[PDB]
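Undergrad: Take this structure first; my questions come after.
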Amino acid sequence: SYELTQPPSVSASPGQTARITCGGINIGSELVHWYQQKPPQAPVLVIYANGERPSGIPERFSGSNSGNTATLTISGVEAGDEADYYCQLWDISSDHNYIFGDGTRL
Amino acid sequence: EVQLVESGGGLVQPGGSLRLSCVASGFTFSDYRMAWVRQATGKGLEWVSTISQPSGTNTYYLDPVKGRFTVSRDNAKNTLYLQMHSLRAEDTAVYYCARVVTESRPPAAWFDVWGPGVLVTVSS
Amino acid sequence: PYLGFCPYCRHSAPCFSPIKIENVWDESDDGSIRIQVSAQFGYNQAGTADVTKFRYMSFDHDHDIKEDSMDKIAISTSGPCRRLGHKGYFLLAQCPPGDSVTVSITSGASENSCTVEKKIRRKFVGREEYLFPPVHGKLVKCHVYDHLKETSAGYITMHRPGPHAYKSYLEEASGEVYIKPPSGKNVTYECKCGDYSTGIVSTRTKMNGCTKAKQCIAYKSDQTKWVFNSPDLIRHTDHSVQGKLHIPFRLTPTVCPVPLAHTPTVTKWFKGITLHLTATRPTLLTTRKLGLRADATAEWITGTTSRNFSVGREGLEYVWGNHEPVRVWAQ
């Protein structure tokens, strides 16, 4: 069973780039997915398959995954980016489990 | 428009049972795998169960909810269902019924469409 | 150290082999040609640099990487070629002219050869055809591949290895499908016998509801390599640029020797000249008037001959082979 760890918080004024990290053992060998949430609204997928996005996601969002770390990079932060962010993976050797991260607020 | 709408939740006693319904519209209900996912108040999202397509032969569940919660589907009315039995306090949460998009190679699954959700509370 | 679908094997047909050529370059003035294959030259199992041996794909269901020595590789287009250098995917070699290029690995009687069509013609520099660089001649500007293997003509990108399916991982017994991974290896399996279902199994494992082995697939979770973006391999979905390696043997500038043709003998008549010429090989003669109209002429000549060329009061200029321009003015 993989354990997904993200920083509990990240602080970012608007204008620069913000990185949010998901940590887990050997997660670079799997495909991570990043979801963004404004509670109580349902979250929204922003990254899937480590490098690519659904339609409508602005160009500032990008994702990467390597070794033991996945990274969500948000260039030019604005007030609207202040949200909760959850990293996700599908550990299929563990009976098709869908493992999420603890979460990070911006 | 692709839309998923939940219903059936509410207040139940511990040890009780409930039937959450989720009606789907705007897409071929029979062509996609479906799931129920959970969020407790102030906690993160957590996966509950998945039912496959088109007949939903293989059903997968989280470890504590095995033997008590059952997913089912009907393609005729395009409705997903989750029956719960022997409900406990920590089941109190908002459930989203989610359409599943699965890509074969590498095996990877991520959810694309979610309903607004429905709350169940389990308290005495 | 991946495998490419080489069009021409040892025998006659296409196969999947480590030694597929997927591109060839010959622009160098000296005739040296740069070749690109899927093997890793100068590298042992772990990839440590060592010229004497190389690593490549293995014809087995585990498909590990196995290694061999330099002396057993050969290259040939019409006659045998000479290896000038090797690094990773790339080779540099001097070859006789031909219409195809072949690389052969000779593990005893196991002689695996891949051939690909490419018209390589004997090319020269200067204004005189010659077989060989003359011992004496003008030193003219040329461009040739630098023998230094640490150079870089550019960069090529590689990505995560894609699927590598097998049916030895699968087995059929009494109309049921089992997966048999290699010992101690977690092998990713996925199948559809009605419902689609995935997973990872590290041991001899059953699957239910399945009667045909064609419906299921299994393959190792091998991310421990990087593969060139070849057209012969089905690809990983996350095909981001995951590595850039240099293109050794940069096409560098230098000076080359070129011959000195026969010195012409001028025979002059009224407002005109008669150049007696000798040139064993094709030599380029060019001329042009120095007035309003150049009236430029060019001609590649062999043998011995004579050319009558009118010269006017304005004058004439001519270049004979690599010699310097010569100018004349009539009366």
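By convention in this document, the chains of the structure tokens carry letters A, B, ... by their order, each chain's residues are numbered from 1, and ligands are numbered from 1 in the order they are shown.
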Using only C-alpha atoms, what does the table of region 209-233 of chain C residues within 12 Å of region 48-66 of chain C look like, with each row giving the shortest atom pair and its distance in Å to one decimal, sorted by chain and ascending number, as JSON lines?
TA:
```
{"residue": "C:218", "atom": "CA", "partner": "C:61", "partner_atom": "CA", "distance": 11.6}
{"residue": "C:219", "atom": "CA", "partner": "C:62", "partner_atom": "CA", "distance": 9.8}
{"residue": "C:220", "atom": "CA", "partner": "C:62", "partner_atom": "CA", "distance": 8.9}
{"residue": "C:222", "atom": "CA", "partner": "C:64", "partner_atom": "CA", "distance": 10.7}
{"residue": "C:224", "atom": "CA", "partner": "C:64", "partner_atom": "CA", "distance": 11.6}
{"residue": "C:225", "atom": "CA", "partner": "C:65", "partner_atom": "CA", "distance": 10.8}
{"residue": "C:227", "atom": "CA", "partner": "C:57", "partner_atom": "CA", "distance": 11.9}
```
Undergrad: Give me the residues within 6 Å of region 38-42 of chain B as a count of residues only, counting only C-alpha atoms and dropping any in the same chain fewer than 3 places off.
TA: 6
Undergrad: Specify as a ChimeraX atom specification all residues of chain A found within 10 Å of chain B, counting only C-alpha atoms.
TA: /A:30-35,37,39-45,47-49,54,84-86,88-92,95-103
Undergrad: Just want the 10 Å neighbourhood of residue 144 (chain C), counted on only C-alpha atoms, with same-chain residues fewer than 5 positions away dropped. Output as an mmCIF file with C-alpha atoms, in the first residue's frame.
TA:
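And here is the file that came out, selection_7.cif:
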```
data_model
loop_
_atom_site.group_PDB
_atom_site.id
_atom_site.type_symbol
_atom_site.label_atom_id
_atom_site.label_comp_id
_atom_site.auth_asym_id
_atom_site.auth_seq_id
_atom_site.Cartn_x
_atom_site.Cartn_y
_atom_site.Cartn_z
ATOM 1 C CA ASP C 26 26.695 10.616 -45.118
ATOM 2 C CA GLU C 27 27.109 14.378 -45.663
ATOM 3 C CA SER C 28 30.764 14.304 -44.553
ATOM 4 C CA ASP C 29 33.181 15.244 -47.326
ATOM 5 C CA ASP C 30 35.577 12.367 -46.541
ATOM 6 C CA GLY C 31 32.926 9.689 -47.138
ATOM 7 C CA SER C 32 32.618 8.756 -43.464
ATOM 8 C CA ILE C 33 29.040 7.845 -42.548
ATOM 9 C CA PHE C 249 30.802 12.976 -34.158
ATOM 10 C CA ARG C 250 29.929 16.579 -34.984
ATOM 11 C CA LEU C 251 30.399 17.608 -38.626
ATOM 12 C CA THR C 252 33.437 19.874 -38.000
ATOM 13 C CA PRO C 253 35.346 22.177 -40.374
ATOM 14 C CA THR C 254 38.925 21.516 -41.468
ATOM 15 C CA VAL C 255 41.207 21.588 -44.532
ATOM 16 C CA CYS C 256 41.517 18.820 -47.128
#
```
Undergrad: Quick one: everything within 10 Å of residue 22 (chain B), counting only C-alpha atoms, minus sequence neighbours fewer than 4 positions away in the same chain. Send it as an MDAnalysis selection string.
TA: chainID B and resid 4:8 36 73 78:82 96:98 115 117:118
Undergrad: Kindly assemble as JSON lines a list of the chain C residues that lie within 9 Å of chain B, each paired with its nearest atom pair and their distance in Å to one decimal, using only C-alpha atoms, sorted first by chain and then by ascending residue number.
TA:
```
{"residue": "C:162", "atom": "CA", "partner": "B:106", "partner_atom": "CA", "distance": 8.6}
{"residue": "C:163", "atom": "CA", "partner": "B:105", "partner_atom": "CA", "distance": 7.4}
{"residue": "C:188", "atom": "CA", "partner": "B:107", "partner_atom": "CA", "distance": 8.5}
{"residue": "C:189", "atom": "CA", "partner": "B:107", "partner_atom": "CA", "distance": 8.7}
{"residue": "C:190", "atom": "CA", "partner": "B:107", "partner_atom": "CA", "distance": 7.4}
{"residue": "C:194", "atom": "CA", "partner": "B:57", "partner_atom": "CA", "distance": 8.3}
{"residue": "C:195", "atom": "CA", "partner": "B:53", "partner_atom": "CA", "distance": 6.2}
{"residue": "C:196", "atom": "CA", "partner": "B:52", "partner_atom": "CA", "distance": 7.6}
{"residue": "C:197", "atom": "CA", "partner": "B:58", "partner_atom": "CA", "distance": 8.0}
{"residue": "C:198", "atom": "CA", "partner": "B:107", "partner_atom": "CA", "distance": 6.5}
{"residue": "C:199", "atom": "CA", "partner": "B:107", "partner_atom": "CA", "distance": 7.9}
{"residue": "C:236", "atom": "CA", "partner": "B:106", "partner_atom": "CA", "distance": 7.3}
{"residue": "C:237", "atom": "CA", "partner": "B:106", "partner_atom": "CA", "distance": 7.2}
```
Undergrad: Using only C-alpha atoms, what does the table of chain C residues within 7 Å of chain A look like, with each row giving the shortest atom pair and its distance in Å to one decimal, sorted by chain and ascending number, as CSV?
TA:
```
residue,atom,partner,partner_atom,distance
C:199,CA,A:92,CA,5.1
C:200,CA,A:93,CA,4.9
C:223,CA,A:29,CA,6.4
C:238,CA,A:49,CA,6.3
```
